[PDB]
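A.B. asks:
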Amino acid sequence: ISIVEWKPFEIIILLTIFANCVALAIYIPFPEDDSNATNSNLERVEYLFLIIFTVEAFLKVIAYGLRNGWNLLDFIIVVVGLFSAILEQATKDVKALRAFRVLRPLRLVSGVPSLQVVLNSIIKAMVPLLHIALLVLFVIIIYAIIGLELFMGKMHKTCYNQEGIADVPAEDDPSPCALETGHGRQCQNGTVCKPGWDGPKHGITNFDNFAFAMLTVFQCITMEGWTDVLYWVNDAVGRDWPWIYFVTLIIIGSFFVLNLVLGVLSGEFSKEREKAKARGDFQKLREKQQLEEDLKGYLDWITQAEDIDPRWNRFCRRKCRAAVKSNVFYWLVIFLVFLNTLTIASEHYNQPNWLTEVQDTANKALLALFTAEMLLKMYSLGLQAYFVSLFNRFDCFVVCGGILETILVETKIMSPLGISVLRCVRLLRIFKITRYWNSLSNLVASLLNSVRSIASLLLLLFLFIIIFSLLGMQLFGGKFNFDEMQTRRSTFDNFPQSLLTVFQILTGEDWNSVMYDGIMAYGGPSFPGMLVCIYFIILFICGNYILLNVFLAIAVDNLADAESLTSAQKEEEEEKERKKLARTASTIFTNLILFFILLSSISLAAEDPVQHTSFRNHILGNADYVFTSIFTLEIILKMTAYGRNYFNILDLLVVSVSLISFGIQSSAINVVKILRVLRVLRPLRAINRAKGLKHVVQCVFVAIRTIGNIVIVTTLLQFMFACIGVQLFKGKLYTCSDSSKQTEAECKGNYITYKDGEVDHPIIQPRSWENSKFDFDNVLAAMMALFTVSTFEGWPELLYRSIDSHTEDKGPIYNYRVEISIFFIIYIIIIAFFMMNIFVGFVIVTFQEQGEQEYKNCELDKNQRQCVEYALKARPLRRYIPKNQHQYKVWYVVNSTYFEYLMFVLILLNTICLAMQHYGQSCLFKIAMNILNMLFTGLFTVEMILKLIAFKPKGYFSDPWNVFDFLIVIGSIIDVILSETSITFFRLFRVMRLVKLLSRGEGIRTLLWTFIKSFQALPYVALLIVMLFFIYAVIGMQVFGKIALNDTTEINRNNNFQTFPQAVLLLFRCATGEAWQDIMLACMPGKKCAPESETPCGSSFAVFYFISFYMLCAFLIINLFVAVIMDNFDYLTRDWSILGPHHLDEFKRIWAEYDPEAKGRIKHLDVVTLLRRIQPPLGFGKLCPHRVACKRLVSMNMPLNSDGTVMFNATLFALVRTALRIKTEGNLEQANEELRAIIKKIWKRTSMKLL
Ligand SMILES: CC(C)CCC[C@@H](C)[C@H]1CC[C@H]2[C@@H]3CC=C4C[C@@H](O)CC[C@]4(C)[C@H]3CC[C@]12C
Ligand SMILES: CC(C)CCC[C@@H](C)[C@H]1CC[C@H]2[C@@H]3CC=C4C[C@@H](O)CC[C@]4(C)[C@H]3CC[C@]12C
Ligand SMILES: *[C@@H]1O[C@H](CO)[C@@H](O)[C@H](O)[C@H]1NC(C)=O
Ligand SMILES: [Ca+2]
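Read in order, the letters of the sequence shown are residues 118 to 182, 191 to 217, 232 to 449, 508 to 783, 900 to 931, 952 to 976, 986 to 1323, 1372 to 1484, 1493 to 1649 in the entry's author numbering.
1) Would you list the one or two residues that DSSP bridges to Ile1433?
2) Have a look at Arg1220 and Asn398 and give me their C-alpha separation to the nearest angstrom.
3) Candidates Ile910, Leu911 and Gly954: which alpha carbon is nearest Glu920's?
4) Please say whether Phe1308 and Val1522 have beta carbons closer to each other than 8 angstroms?
5) May I ask you to list the residues that DSSP assigns as paired with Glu1112?
6) Could you check the C-alpha separation between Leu1537 and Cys1209 for me, to the nearest Å?
7) Between the Cα of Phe692 and the Cα atoms of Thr1449, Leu1598, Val139 and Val641, which residue gives the shortest distance?
8) Look up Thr538 in the DSSP assignment and say whether it is helix, strand or coil.
9) Residues near ligand 1, CB to any non-hydrogen atom under 6 angstroms, in chain order?
10) Closer than 7 angstroms to a non-hydrogen atom of ligand 3 - does that hold for the CB of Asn1436?
11) Using 8 angstroms as the threshold, is the C-beta distance between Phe1181 and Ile1052 below it?
12) Assuming the contact rule is C-beta atoms closer than 8 angstroms, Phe964 and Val997 should be a hit. Round their C-beta distance to whole Å, please.
13) Spell out a yes or no on whether the segment 600-619 and the segment 720-739 are touching, meaning 3 or more CB-CB pairs, one atom from each, closer than 8 angstroms.
14) Starting from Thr961, trace the alpha helix (DSSP H) in both directions and tell me its first and last residue.
15) Taking C-alpha atoms, which residue in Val1284, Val1039 and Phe700 lies nearest to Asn741?
16) Using 8 angstroms as the Cβ pair cut-off and three pairs as the minimum, do the segment 282-293 and the segment 1373-1384 touch?
17) Here's the rule: buried if 16 or more other CB atoms are within 10 angstroms of the residue's CB, otherwise exposed. What is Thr1609?
18) Going residue by residue through the segment 1017-1084, where are the continuous alpha helix (DSSP H) segments of at least 4 residues, counting only ones entirely within it?
19) Nearest-angstrom Cα distance between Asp1468 and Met1474?
20) Going by the DSSP bridge assignment, what does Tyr546 pair with across the sheet?
21) Take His1260 as the anchor and find which of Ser249, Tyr144 and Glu288 has the nearest alpha-carbon.
22) Name the residue from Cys1255, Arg1047, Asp1528 and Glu1285 whose alpha carbon lies nearest to the alpha carbon of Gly1193.
23) List in chain order: all unbroken alpha helix (DSSP H) runs of 4+ residues lying wholly within the segment 653-740.
24) Does the beta carbon of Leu658 fall short of 7 angstroms from some heavy atom of ligand 2?
25) DSSP state of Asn1092, grouped into three classes?
26) With H, G and I counted as helix, E and B as strand and the rest as coil, what does DSSP make of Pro146?
27) Specify, as a first and last residue, the run of the alpha helix (DSSP H) that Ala1500 falls within.
28) Would you call the segment 1304-1322 in contact with the segment 233-242, where contact means no fewer than 3 C-beta pairs closer than 8 angstroms?
29) Expressed to the nearest angstrom, what Euclidean distance is found between the alpha-carbon atoms of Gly323 and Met611?
30) Please name the residue or residues paired with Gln1452 in a DSSP beta bridge.
31) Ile735: beta carbon under 7 angstroms from a heavy atom of ligand 2?
32) Relative to the alpha-carbon of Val618, which residue among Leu539, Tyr370 and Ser666 has its alpha-carbon at the smallest distance?
33) Would you mind working out which of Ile202, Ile279, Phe135 and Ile129 sits nearest residue 96, comparing C-alpha positions?
34) Leaving out five residues on either side along the sequence, give the residues of the same chain with a beta carbon under 7 angstroms from the beta carbon of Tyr1096.
35) Taking only heavy atoms of ligand 3 into account, decide whether any of them is closer than 7 angstroms to the Cβ of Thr1077.
36) If you follow the alpha helix (DSSP H) that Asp433 is in, where does it begin and where does it stop?
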């Protein structure tokens, strides 16, 4: 029967699996056992769909004898299917076994070759990202433990409305409180508050066990809701030290973790590109452009040659080609394109009559001219040369749709279809002549040439989303139905809704709000109930990983291809054209300031925001008189030395700010109020008087010059999508407070609202016709709504508000249109993913081609320079072999090999014992673990005082690791000493022993040490983000921070501008992108400000501030990331198979034990074991040392030394030159003169090394 396994069976089975997938798509879940007829038919169909697979699996086993992989997966799903069918038929378990129906499409996808190839590539790229998966696992442990020690159950009190126990009556957001003698949020006015409260968010988010605090740390690492946890641990424990946790976790675990991932991925992509460029795949596209380029001019030359004549086109063709390409024709077609985009853009909601008439009349008035232009350009270049151009076909489709829309104009449907927008791609005609437009054509060229691979990757990602949506609706289908009044729309009811929810979780936005619903639906916080968070965690991790692997591989590969194609094709432009002649022609003062200016900056930072009269703003009110005169005196001393450069103008302006703001008088409500803000230019004075700062600033400005093209393209697409969305949601996003009214006229007066859906507590509210927070009435409003969508903040609300829109000036209808989610999906895919990852890839490839473009073409490729420099900087190390007999014994006991395993397990059980402190622990449990902790302290002390007598009291302090362990130990015994009696601080050191255990491992140490040395190598890139934070903190503090701390808005006791640290925290929260739009709304003008300050408070500057800050912060962080990545790029792409510094390090570590001191004196017989202990890659394998290896080692000319006086550098260089780059005899002087040409100075230290 192994003859029907041919094509028909394969395609038949693929069709069966596809039909099974669609059957699962339809299935739809119902709350609590309900079902319609479709579910009563699909359960019948999924018996034939099981018999087919059973028949398939029955023949293969007795035909092929299960170990093929995907065959095994098919077998598991089949056997689970039969077991499920038997159980369902015999029981009248359903949840358990209908889940394998999502494993079924996996077996589907493992039938297509070029999807299996893509998955293999993804899995091969996943392998290097395992150390940076271990370090992310050993941070959510070290910080979970710390959270266990600090916030164990401290967040269980809440206001209770003293007058009876009742049930937590305190606003519609129960928040922790304190006992006054405590340090949290007092309920103040009455309302005494007592323990016995589930938790801040139903008990799912709290530091109680090692499970609820190994999820709270994960949420604060994915940055989606870390401020909400910070506030909950803030107003429950105090506001003094809860930030050193929640900011040191995100500047160590969410940026220095997202940095390594990007670096490794970029390195792997570059390495793969270099490995794939050798086959010559770039040549085919390289030869494709010229073959296409040299066709149009060949054809039109042939075309116009026929027109010159040897039937009466003596006035047609002459004014056909020389009139559509006659300059003015173009430059006026551009004018008409601008007219069309103005016509379509100049529309809003509730337009005037004249605008509606004119923008409707001009449509066809321009369409007729452009349709004529079609033909006028058609018979000029003919049909072949017209249709060959890809961009010509774009305008072809645009005009076709324009003359086509007068059929569906009868019943709107597409409305005035947003096709008139898409014509502004012909406004890039003006862009045509702009700098590097012949890379934008190359951009789309590459993105369309690699379209097959792009589509395969996108299809694999889409299949992943589909599978995790089917499983999502199987798990949480019809279970998000609680008695709570609201009807949360992030459910898993249908397939479109499940897809939208999965897409929302995949982009991170509110991924922790669906997780809480999933946990509360499957029981609650418990052992079996709180296990469904695994679904969301795996979804997030895998989705983000695949998003990176798709949208960054596409960007990096295609953009590097385009850049290389440009730099290799426009290069020959000169060598071909310019040869037109070839045929024919043939510090004290600087300190004295850098101190004063920065101290003035910190003086202007620590002011009093909210108060206009105080002592801090009087000490710092009259502080600036020493500064202002000495700052002005610098100009006076320097002015007469000359008679003007650039930064001196900035100096003049920053000093004239004080020179004028001292006086002004008169109108003391303005002008002083802008020069008060204009004092944020004092720090910028230091940019000129400090070298290196100019270097980094100029680098950033040249980066602006490089990425202006991408920025302009992104903003043009923003304008385009805003224009399409205007004709789609123009005024349809209105709603009333009462859902029973759907008209502004009807939505008036009062109506009854019931508290918490209780019919016995009616409260009168007014009726208000309120527009959405982010509407689409005009182009400008859509430009902000789409920006907020692209920031992945608040976009689900916009999606589920626009879904309910049906008609203009009418109320919403539940799920009126679900196909409108495609607009947001396409916008997120194209702008929020493609055009941002293309930005990042452009920066990465630009920084990678710069630098190493130094062209160190003194031969000596990029391994031997490092090998030679390491050979030069080398010496035998120190071993410290102890004397005095018994000291050698103690050192041997310490320096044993299997005692290290004992020392590692004594830490492994220490962390496990420490990480069991739950809440409400049995009294005996605490003391039982306390004595165990004391025993661990005793045993570790024993180890330290055993190492002291072994390594001598000197070497115990040399290695930082032993010093670090000593510091940890001595801070552990005195904790036991104070246990007889601050305390919270001293319980913490054991996590440092844990992080040492983390540090164990060669790969972890190499990666981390290299990245830290790279970060230290560039300290002038962090003093750009620091400057930005300083300037915007001061600006926002002076402008927007005077408002009252109203707990009902997004400005409260924790989020405000009323102090510099709090302003910095607010800017940090906006930088991480938590609620920046909400803070911008809260900074809108008309908010009542503090009564202590003498509703006019607020400003309209909020939009500019909170948009410019976000964009600039993103740019600066990306610049820092790319700088630190490209400083270590040499390590990132190394091909460890070839010789590397690690081999030399291990060679040195083996060699050092044979020399009591550094010296350089060796023995002659140690070579016998040296040739055996060298690694087979570095040296020789398992061959006998007394062989050709020794023969060639002695054959070469060693330096003229004694039997054993050869130095370490000489033999190391001999080994490295025999391993790689072998040369014939007589080339020793060639190496001698080469090492003095490009290599660094030897300082005449190779006198003996010459021979
Ligand atoms: C999605 C891929 C990994 C395949 C599906 C595997 C998962 C989703 C399936 C396979 C085994 C299933 C479990 C098996 C048994 C039961 C016991 C029942 O009283 C509650 C559901 C529960 C606990 C199932 C939940 C879903 C489950 C964990
Ligand atoms: C996401 C896929 C790929 C891998 C992870 C499998 C997930 C879906 C599985 C693994 C463990 C499973 C849980 C194990 C135990 C229980 C308790 C039971 O009373 C209800 C089902 C529930 C809550 C299961 C739900 C499904 C579950 C969370
Ligand atoms: C300010 O707070 C008071 C008391 O909590 C509240 O009544 C009022 O509505 C708040 N105003 C704003 C604008 O938040
Ligand atoms: Ca968010």
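Note that the Cβ used here is the ideal one computed from N, Cα and C, for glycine as well.
C.D. replies: The relevant details are as follows:
1) Here residue 1433 refers to the residue found at position 1043 when the sequence shown is read from its first residue. According to DSSP, which records beta bridges pairwise, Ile1433 is partnered with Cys1479.
2) As a first step, residue 1220 is located in the sequence shown; it is residue number 878 there, counting from the start. As a first step, residue 398 is located in the sequence shown; it is residue number 259 there, counting from the start. Each residue's alpha carbon lies about 36 angstroms from the other.
3) The residue labelled residue 920 in the question sits at position 607 within the sequence shown. Measuring from the Cα of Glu920, the nearest candidate turns out to be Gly954.
4) Along the sequence shown, one-based indexing puts residue 1522 at 1124. Along the sequence shown, one-based indexing puts residue 1308 at 966. No; because the gap between Cβ atoms is not below 8 angstroms, this pair is not in contact.
5) To locate residue 1112, count along the sequence shown from 1; it is residue 770. According to DSSP, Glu1112 bridges with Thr1077.
6) On the sequence shown, position 1139 is the one that residue 1537 refers to. On the sequence shown, position 867 is the one that residue 1209 refers to. Roughly 8 angstroms separates the two Cα atoms.
7) Working through the sequence shown from its first residue, we reach residue 692 at position 495. Among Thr1449, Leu1598, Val139 and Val641, the Cα nearest to that of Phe692 is on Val139.
8) Start at 1 with the first residue of the sequence shown, and residue 538 comes out as number 341. If DSSP states are grouped into helix, strand and coil, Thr538 belongs with the helices.
9) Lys234, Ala235, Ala238, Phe239, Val241, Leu242 and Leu668
10) Taking the sequence shown and counting its residues from 1, one reaches residue 1436 at position 1046. True, at least one ligand heavy atom lies under 7 angstroms from that Cβ.
11) By 1-based counting over the sequence shown, the position of residue 1181 is 839. By 1-based counting over the sequence shown, the position of residue 1052 is 710. Yes. Within cutoff.
12) Sequence index remark: in the sequence shown, residue 964 carries index 631 (1-based). Sequence index remark: in the sequence shown, residue 997 carries index 655 (1-based). Yes, they are in contact, since the Cβ atoms of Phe964 and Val997 sit about 5 angstroms apart, within 8 angstroms.
13) no
14) By one-based count along the sequence shown, residue 961 stands at place 628. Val959 to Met972 is the span of the alpha helix (DSSP H), which, as asked, contains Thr961.
15) As a working note, residue 741 is residue 544 in the sequence shown. Selected option, being the one with the closest Cα: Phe700.
16) yes
17) Reading the sequence shown from its first residue, position 1211 is the one you call residue 1609. With 16 or more Cβ atoms within 10 Å of its Cβ, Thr1609 is classed as buried.
18) 1024-1027 and 1035-1068
19) Here the question's residue 1468 lines up with position 1078 in the sequence shown. Here the question's residue 1474 lines up with position 1084 in the sequence shown. In a straight line, the C-alpha of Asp1468 is about 10 angstroms away from that of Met1474.
20) Within the sequence shown, numbered from 1, the residue matching residue 546 stands at position 349. According to DSSP, which records beta bridges pairwise, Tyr546 is partnered with nothing at all.
21) For the purposes of this step, residue 1260 is identified with residue 918 of the sequence shown, where counting begins at 1. If we check each option's Cα against that of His1260, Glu288 comes out closest.
22) On the sequence shown, residue 1193 is found 851 positions in, with the first residue counted as 1. Ranking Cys1255, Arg1047, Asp1528 and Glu1285 by Cα distance to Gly1193 puts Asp1528 first.
23) 692-703 and 708-718
24) By 1-based counting over the sequence shown, the position of residue 658 is 461. Incorrect: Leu658 has no Cβ contact closer than 7 angstroms to ligand 2.
25) Here residue 1092 refers to the residue found at position 750 when the sequence shown is read from its first residue. In this structure, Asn1092 counts as strand in the three-state DSSP scheme.
26) Against the sequence shown, residue 146 aligns to sequence position 29. The answer is coil: DSSP assigns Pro146 none of H, G, I, E or B.
27) Here residue 1500 refers to the residue found at position 1102 when the sequence shown is read from its first residue. Taken as a continuous stretch (DSSP letters only), the alpha helix (DSSP H) holding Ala1500 covers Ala1500 to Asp1525.
28) no
29) Locating residue 323 in the sequence shown gives position 184, where the first residue counts as 1. Locating residue 611 in the sequence shown gives position 414, where the first residue counts as 1. Whole-angstrom Cα-Cα distance: 57 angstroms.
30) The residue labelled residue 1452 in the question sits at position 1062 within the sequence shown. In the DSSP output, where bridge partners are listed per residue, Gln1452 has none listed.
31) Residue 735 sits at position 538 when you count from the first residue of the sequence shown. Under cutoff, so the answer is yes.
32) To locate residue 618, count along the sequence shown from 1; it is residue 421. It is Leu539 whose Cα lies nearest to the Cα of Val618.
33) The question about residue 96 has no answer here: the residues shown for the chain are numbered 118 through 1649.
34) Residue mapping note: residue 1096 aligns to position 754 of the sequence shown, counting from 1. The residues are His1103 and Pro1104.
35) Numbered from 1 along the sequence shown, position 735 holds the residue referred to as residue 1077. No; taking the cut-off as 7 angstroms, the Cβ of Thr1077 has no heavy atom of ligand 3 nearer than that.
36) As a working mapping, residue 433 is identified with position 294 in the sequence shown. Element bounds for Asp433: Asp420 to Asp446.
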